[PDB]
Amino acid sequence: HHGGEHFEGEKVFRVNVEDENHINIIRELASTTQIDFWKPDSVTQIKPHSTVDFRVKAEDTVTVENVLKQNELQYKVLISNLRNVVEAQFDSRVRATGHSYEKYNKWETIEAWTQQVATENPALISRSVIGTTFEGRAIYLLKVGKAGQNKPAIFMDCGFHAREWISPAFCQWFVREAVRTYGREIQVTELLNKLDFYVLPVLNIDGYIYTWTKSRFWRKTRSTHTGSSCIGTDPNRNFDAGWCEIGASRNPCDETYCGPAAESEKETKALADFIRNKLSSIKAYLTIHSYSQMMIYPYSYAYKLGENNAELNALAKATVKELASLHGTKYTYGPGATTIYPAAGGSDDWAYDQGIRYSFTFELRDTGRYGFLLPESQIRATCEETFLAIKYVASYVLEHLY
């Protein structure tokens, strides 16, 4: 069930690379066999002394593993039969149908939920449409907060990469906790009285739907071309921040295709347009991804740091400590170029270059045991600890307005 049958026999490997020859063996592998990179996003993003997580087709696992053995590369099999892990994602004990904050929800469900949560809490939540996807779906934005004059705002989005299902789940949990605890908990009451939070539960709606209907591991948008038969752009390489200069692909068929132009995707244009329009009120930009348990700040497109990088490092350090306090979960943090790898076109860098001084990417659980297939039974714990981190950051921003 749940499309797991399609992944029978597939495996996810973790390979250690220590030098360029190790990396060139994976590159050669990728060039002759169909490899779905999980972490990093692409062969061009692999560094010396790092690990690489990737999914292999059933008919190719022997080949891959024999290359790994022959070249005597250190590796492990993270997942030996992907079918079982795909099916085991759906392990909620929630007894009920329809939306749940402790299940992964289909888009029609999330869409109906955005309307229902706004109707039921009209003093704290309003919904708007900030644009339309390539396929024609309305892109909803929730504004969370008690009405006030000239309020500062925090912008938080989820669902850039279609297969990263824990990210939209987190955006929903945030709204859950806002509604559940406003007026009962003074910190949340003050945060929502003093700030607006714009929460975008799924940006890449077309891709998200696709992961439920046809291709669980799809990540890009679903835009087509009149010429190429390839589909989709990587939304987090599509922003106007050193656009496509490094760590992205110009080939429409690659998973890290930067698009035919900056802001070519209707979805990223809608986001960028909104932030341009609300620039004088937005004081922080937070973008939610998975997996690997990191908190990243600019810059990713370049080996340079912002004026306030020491501030960002201290705030990240304190935030990940707050996060760990609940369930012990360990995050790493730092500037993207050196913590992860240089890559252009990211919304976090773009936002920061627009003058939004607090800009962070969060990569949620886990660290590869399940990867994108993080079970429903971990949604609550993941979201609880993440919520502590977002509250910490928001409270900081309130003390450091500008």
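Residue positions are given as counts along the sequence shown, with the first one as 1.
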Is the mean CA B factor in the deposited entry higher across 142-150 or across 103-111?
142-150
When the Cα temperature factors in the entry are averaged, is it 211-219 or 245-253 that ends up higher?
245-253
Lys269, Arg93, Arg137, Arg237, ranked by C-alpha B-factor: the highest one:
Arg93
Among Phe372, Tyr341, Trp350, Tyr333 - the residue whose C-alpha B-factor is largest in the record
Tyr341
Using only modelled residues of the chain, where does the Cα B factor of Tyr301 rank: lowest third, middle third or highest third?
middle
Please place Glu28 in the lowest, middle or highest third of its chain according to the CA B-factor in the PDB entry.
highest
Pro260: CA B-factor among chain residues, third -> middle
Among the modelled residues of this chain, does the Cα B factor of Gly345 put it in the lowest, middle or highest third?
lowest
How does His22 rank on Cα B-factor within its chain, lowest, middle or highest third?
highest
